[PDB]
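Enquirer: So that you have it, the file is upload-v8.txt, and it contains compact mmCIF, C-alpha atoms:
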```txt
# COMPACT_ATOMS: atom_id res chain seq x y z
CA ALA A 1 18.33 -16.09 6.63
CA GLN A 2 15.57 -14.38 4.59
CA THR A 3 13.83 -11.36 6.21
CA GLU A 4 10.52 -9.49 5.81
CA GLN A 5 10.69 -5.66 5.51
CA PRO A 6 8.40 -2.76 4.55
CA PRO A 7 7.37 -3.28 0.85
CA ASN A 8 10.03 -3.13 -1.92
CA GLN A 9 9.75 -3.62 -5.73
CA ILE A 10 12.04 -6.73 -5.54
CA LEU A 11 11.31 -10.10 -3.89
CA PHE A 12 13.54 -12.96 -2.70
CA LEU A 13 11.97 -16.42 -2.93
CA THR A 14 12.81 -19.76 -1.25
CA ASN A 15 11.61 -23.43 -0.92
CA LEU A 16 11.24 -23.56 -4.75
CA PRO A 17 11.53 -26.82 -6.82
CA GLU A 18 15.01 -28.31 -7.44
CA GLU A 19 14.14 -27.84 -11.18
CA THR A 20 12.76 -24.24 -11.12
CA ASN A 21 13.31 -22.28 -14.37
CA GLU A 22 13.09 -18.49 -14.93
CA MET A 23 10.15 -18.97 -17.35
CA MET A 24 8.04 -20.71 -14.62
CA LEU A 25 8.27 -17.77 -12.20
CA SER A 26 7.84 -15.26 -15.06
CA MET A 27 4.62 -17.04 -16.13
CA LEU A 28 3.32 -17.11 -12.50
CA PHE A 29 4.15 -13.46 -11.63
CA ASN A 30 3.31 -11.91 -15.08
CA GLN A 31 -0.35 -12.48 -14.08
CA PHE A 32 0.08 -9.24 -12.02
CA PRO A 33 0.18 -5.96 -14.07
CA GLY A 34 3.38 -4.70 -12.30
CA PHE A 35 5.72 -7.68 -12.90
CA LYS A 36 8.98 -6.99 -14.81
CA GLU A 37 11.63 -9.74 -14.37
CA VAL A 38 13.05 -12.82 -12.54
CA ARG A 39 16.62 -13.89 -11.64
CA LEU A 40 17.01 -17.62 -10.91
CA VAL A 41 20.02 -19.19 -9.15
CA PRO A 42 21.02 -21.78 -11.85
CA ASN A 43 23.26 -23.73 -9.36
CA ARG A 44 20.52 -24.33 -6.69
CA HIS A 45 17.05 -23.51 -8.23
CA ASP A 46 15.43 -23.73 -4.72
CA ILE A 47 15.87 -19.92 -4.36
CA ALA A 48 15.26 -17.00 -6.80
CA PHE A 49 14.53 -13.25 -7.05
CA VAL A 50 11.64 -11.40 -8.82
CA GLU A 51 11.36 -7.68 -9.78
CA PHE A 52 8.37 -5.33 -10.25
CA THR A 53 7.53 -1.73 -11.27
CA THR A 54 6.34 -0.69 -7.75
CA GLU A 55 6.45 -1.92 -4.13
CA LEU A 56 2.64 -2.17 -3.83
CA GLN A 57 2.45 -4.56 -6.81
CA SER A 58 5.27 -6.84 -5.55
CA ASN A 59 3.42 -6.75 -2.18
CA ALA A 60 0.18 -7.80 -3.93
CA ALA A 61 2.02 -10.64 -5.72
CA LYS A 62 3.71 -11.73 -2.43
CA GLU A 63 0.36 -11.95 -0.61
CA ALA A 64 -1.18 -13.74 -3.65
CA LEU A 65 1.57 -16.43 -4.02
CA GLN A 66 3.07 -17.08 -0.53
CA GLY A 67 2.38 -20.83 -0.05
CA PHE A 68 1.62 -21.55 -3.77
CA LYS A 69 2.73 -25.09 -4.74
CA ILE A 70 4.93 -24.57 -7.83
CA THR A 71 4.95 -28.39 -7.68
CA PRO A 72 3.08 -30.47 -4.98
CA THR A 73 6.01 -30.47 -2.48
CA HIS A 74 7.31 -26.88 -3.09
CA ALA A 75 5.16 -24.19 -1.50
CA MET A 76 6.76 -20.93 -2.74
CA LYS A 77 8.09 -18.83 0.15
CA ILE A 78 8.45 -15.11 -0.67
CA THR A 79 10.12 -12.21 1.18
CA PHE A 80 11.01 -8.63 0.14
CA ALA A 81 14.56 -8.39 -1.19
CA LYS A 82 16.65 -5.35 -0.08
CA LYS A 83 18.54 -2.78 -2.21
```
Take the structure in this file and express it as structure tokens.
Expert:
Amino acid sequence: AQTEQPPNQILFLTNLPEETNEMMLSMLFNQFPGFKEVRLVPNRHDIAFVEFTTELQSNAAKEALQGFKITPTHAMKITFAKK
């Protein structure tokens, strides 16, 4: 199961579209000035990871995009990943 934590510069994401692509999440999260990268799971697509310069900026992106419909039936869940 996914878990929340104190802020971290890496996020773990769930309930994504069955057709999610790295470029979609990059375009969504690159709106924030601390985004760096994404890592999809190309055998499921419904989960992914995202990476940032600092924990406060991934936190800002998390609060900004938790619940965001990537498509009408796929509200993005977001959690902090762990290192």
Enquirer: So how many Å separate CA of residue 39 in chain A and CA of residue 24 in chain A, to one decimal?
Expert: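 These two atoms are separated by 11.4 Å.
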Enquirer: Taking into account all atoms listed in the file, which residue in the set A:37, A:19, A:46, A:55 is nearest to residue 5 in chain A?
Expert: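 Between A:37, A:19, A:46, A:55, the residue approaching residue 5 in chain A most closely is A:55.
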Enquirer: List as an mmCIF file with C-alpha atoms, keeping the file's coordinate frame the residues having at least one atom at most 12 Å from position (13.3, -11.5, 4.2) as given in the file, counting only C-alpha atoms.
Expert:
```cif
data_model
loop_
_atom_site.group_PDB
_atom_site.id
_atom_site.type_symbol
_atom_site.label_atom_id
_atom_site.label_comp_id
_atom_site.auth_asym_id
_atom_site.auth_seq_id
_atom_site.Cartn_x
_atom_site.Cartn_y
_atom_site.Cartn_z
ATOM 1 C CA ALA A 1 18.330 -16.090 6.630
ATOM 2 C CA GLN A 2 15.570 -14.380 4.590
ATOM 3 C CA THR A 3 13.830 -11.360 6.210
ATOM 4 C CA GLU A 4 10.520 -9.490 5.810
ATOM 5 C CA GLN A 5 10.690 -5.660 5.510
ATOM 6 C CA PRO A 6 8.400 -2.760 4.550
ATOM 7 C CA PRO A 7 7.370 -3.280 0.850
ATOM 8 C CA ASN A 8 10.030 -3.130 -1.920
ATOM 9 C CA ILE A 10 12.040 -6.730 -5.540
ATOM 10 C CA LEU A 11 11.310 -10.100 -3.890
ATOM 11 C CA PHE A 12 13.540 -12.960 -2.700
ATOM 12 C CA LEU A 13 11.970 -16.420 -2.930
ATOM 13 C CA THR A 14 12.810 -19.760 -1.250
ATOM 14 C CA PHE A 49 14.530 -13.250 -7.050
ATOM 15 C CA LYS A 62 3.710 -11.730 -2.430
ATOM 16 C CA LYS A 77 8.090 -18.830 0.150
ATOM 17 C CA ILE A 78 8.450 -15.110 -0.670
ATOM 18 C CA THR A 79 10.120 -12.210 1.180
ATOM 19 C CA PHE A 80 11.010 -8.630 0.140
ATOM 20 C CA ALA A 81 14.560 -8.390 -1.190
ATOM 21 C CA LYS A 82 16.650 -5.350 -0.080
#
```
Enquirer: Rounded to one decimal place, report the CA of residue 54 in chain A-CA of residue 28 in chain A distance in Å.
Expert: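 Separation between CA of residue 54 in chain A and CA of residue 28 in chain A: 17.4 Å.
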Enquirer: Which of these, A:29, A:83, A:50, A:45, has the shortest distance to residue 65 in chain A once you count all atoms listed in the file?
Expert: A:29
Enquirer: Nearest to residue 17 in chain A: which of A:51, A:56, A:40, A:61 is it, counting all atoms listed in the file?
Expert: A:40
Enquirer: Please determine, counting all atoms listed in the file, which residue among A:15, A:26, A:20, A:43 has the shortest atom-to-atom distance to residue 76 in chain A.
Expert: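 That would be A:15, the residue with the smallest distance to residue 76 in chain A.
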Enquirer: I'd like to know which of A:18, A:9, A:47, A:52 is closest to residue 30 in chain A, using only C-alpha atoms.
Expert: A:52
Enquirer: What is the CA of residue 38 in chain A-CA of residue 58 in chain A distance in Å, reported with one decimal?
Expert: 12.0 Å
Enquirer: Skip residue 75 in chain A itself and residues of its chain fewer than 5 positions away, then list as an MDAnalysis selection string all residues within 7 Å of it, counting all atoms listed in the file.
Expert: chainID A and resid 15:16 67:70
Enquirer: Those same residues - C-alpha atoms - I'd like them written as a short mmCIF file (atom, residue, chain, number, x, y, z; two decimals), keeping the file's coordinate frame.
Expert:
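Writing the result to out20.cif gives the following:
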```cif
data_model
loop_
_atom_site.label_atom_id
_atom_site.label_comp_id
_atom_site.auth_asym_id
_atom_site.auth_seq_id
_atom_site.Cartn_x
_atom_site.Cartn_y
_atom_site.Cartn_z
CA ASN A 15 11.61 -23.43 -0.92
CA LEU A 16 11.24 -23.56 -4.75
CA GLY A 67 2.38 -20.83 -0.05
CA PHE A 68 1.62 -21.55 -3.77
CA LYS A 69 2.73 -25.09 -4.74
CA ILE A 70 4.93 -24.57 -7.83
#
```
Enquirer: Would you compute an axis-aligned box for range 72-82 of chain A, covering every atom listed for it in the file with 3 Å of margin on each side, and report centre and edge lengths in Å to one decimal as AutoDock Vina command-line options?
Expert:
```
--center_x 9.9 --center_y -17.9 --center_z -1.9 --size_x 19.6 --size_y 31.1 --size_z 12.2
```
Enquirer: Looking at A:44, A:36, A:31, A:21, which one is nearest to residue 64 in chain A, with distances taken over all atoms listed in the file?
Expert: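 Once distances to residue 64 in chain A are computed over all atoms listed in the file, the minimum belongs to A:31.
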Enquirer: Restrict the output to range 18-43 of chain A and N, CA, C and O atoms, then write it as a tab-separated table (two decimals), in the first residue's frame.
Expert:
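The result, stored in selection29.tsv:
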```
chain	number	residue	atom	x	y	z
A	18	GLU	N	-5.02	3.91	-17.66
A	18	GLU	CA	-4.46	2.67	-18.20
A	18	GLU	C	-3.56	2.93	-19.42
A	18	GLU	O	-2.95	2.00	-19.96
A	19	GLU	N	-3.45	4.19	-19.87
A	19	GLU	CA	-2.75	4.62	-21.07
A	19	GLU	C	-1.79	5.78	-20.75
A	19	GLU	O	-1.34	6.48	-21.66
A	20	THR	N	-1.49	6.01	-19.46
A	20	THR	CA	-0.58	7.07	-19.03
A	20	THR	C	0.78	6.91	-19.73
A	20	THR	O	1.28	5.79	-19.90
A	21	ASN	N	1.39	8.04	-20.10
A	21	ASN	CA	2.68	8.12	-20.77
A	21	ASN	C	3.53	9.12	-19.99
A	21	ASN	O	2.98	10.08	-19.44
A	22	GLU	N	4.84	8.91	-19.95
A	22	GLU	CA	5.79	9.76	-19.22
A	22	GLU	C	5.59	11.24	-19.57
A	22	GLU	O	5.54	12.08	-18.67
A	23	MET	N	5.40	11.54	-20.85
A	23	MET	CA	5.25	12.90	-21.36
A	23	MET	C	4.03	13.61	-20.76
A	23	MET	O	4.09	14.82	-20.55
A	24	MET	N	2.95	12.88	-20.45
A	24	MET	CA	1.75	13.47	-19.86
A	24	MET	C	2.09	14.03	-18.48
A	24	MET	O	1.83	15.20	-18.20
A	25	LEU	N	2.69	13.20	-17.63
A	25	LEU	CA	3.02	13.61	-16.27
A	25	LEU	C	4.10	14.68	-16.31
A	25	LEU	O	3.98	15.65	-15.56
A	26	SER	N	5.10	14.57	-17.18
A	26	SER	CA	6.10	15.61	-17.33
A	26	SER	C	5.43	16.95	-17.67
A	26	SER	O	5.71	17.94	-17.02
A	27	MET	N	4.50	16.98	-18.63
A	27	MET	CA	3.81	18.21	-19.01
A	27	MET	C	3.00	18.77	-17.83
A	27	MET	O	2.99	19.98	-17.63
A	28	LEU	N	2.33	17.92	-17.04
A	28	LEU	CA	1.54	18.37	-15.90
A	28	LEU	C	2.43	18.93	-14.79
A	28	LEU	O	2.13	20.00	-14.26
A	29	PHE	N	3.51	18.24	-14.42
A	29	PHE	CA	4.33	18.63	-13.27
A	29	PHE	C	5.36	19.70	-13.62
A	29	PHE	O	5.72	20.49	-12.75
A	30	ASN	N	5.81	19.80	-14.88
A	30	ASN	CA	6.76	20.84	-15.32
A	30	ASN	C	6.19	22.26	-15.19
A	30	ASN	O	6.94	23.24	-15.27
A	31	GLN	N	4.89	22.40	-14.95
A	31	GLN	CA	4.27	23.67	-14.57
A	31	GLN	C	4.91	24.25	-13.29
A	31	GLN	O	4.92	25.47	-13.13
A	32	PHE	N	5.43	23.40	-12.40
A	32	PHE	CA	6.03	23.83	-11.14
A	32	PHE	C	7.54	23.98	-11.34
A	32	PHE	O	8.16	23.10	-11.95
A	33	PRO	N	8.17	25.05	-10.82
A	33	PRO	CA	9.56	25.40	-11.14
A	33	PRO	C	10.62	24.47	-10.52
A	33	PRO	O	11.81	24.70	-10.71
A	34	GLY	N	10.21	23.42	-9.79
A	34	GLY	CA	11.11	22.47	-9.14
A	34	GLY	C	11.00	21.06	-9.70
A	34	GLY	O	11.67	20.16	-9.18
A	35	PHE	N	10.17	20.81	-10.72
A	35	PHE	CA	10.07	19.51	-11.36
A	35	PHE	C	11.42	19.13	-12.00
A	35	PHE	O	12.12	20.00	-12.50
A	36	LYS	N	11.73	17.82	-12.05
A	36	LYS	CA	12.89	17.32	-12.79
A	36	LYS	C	12.54	16.16	-13.71
A	36	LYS	O	12.97	16.19	-14.86
A	37	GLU	N	11.82	15.13	-13.25
A	37	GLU	CA	11.69	13.89	-14.02
A	37	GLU	C	10.45	13.08	-13.62
A	37	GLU	O	9.80	13.37	-12.61
A	38	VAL	N	10.16	12.03	-14.39
A	38	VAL	CA	9.07	11.07	-14.19
A	38	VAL	C	9.66	9.68	-14.47
A	38	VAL	O	10.58	9.55	-15.28
A	39	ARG	N	9.10	8.64	-13.85
A	39	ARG	CA	9.37	7.25	-14.19
A	39	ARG	C	8.03	6.52	-14.20
A	39	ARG	O	7.42	6.32	-13.15
A	40	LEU	N	7.53	6.21	-15.39
A	40	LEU	CA	6.30	5.43	-15.58
A	40	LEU	C	6.57	3.97	-15.22
A	40	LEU	O	7.72	3.55	-15.07
A	41	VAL	N	5.50	3.17	-15.18
A	41	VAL	CA	5.57	1.71	-15.08
A	41	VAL	C	4.94	1.18	-16.38
A	41	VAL	O	3.71	1.06	-16.45
A	42	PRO	N	5.73	0.91	-17.43
A	42	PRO	CA	5.23	0.66	-18.79
A	42	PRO	C	4.52	-0.70	-18.97
A	42	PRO	O	4.19	-1.08	-20.09
A	43	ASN	N	4.28	-1.43	-17.87
A	43	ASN	CA	3.54	-2.69	-17.84
A	43	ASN	C	2.24	-2.58	-17.02
A	43	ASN	O	1.54	-3.58	-16.87
```
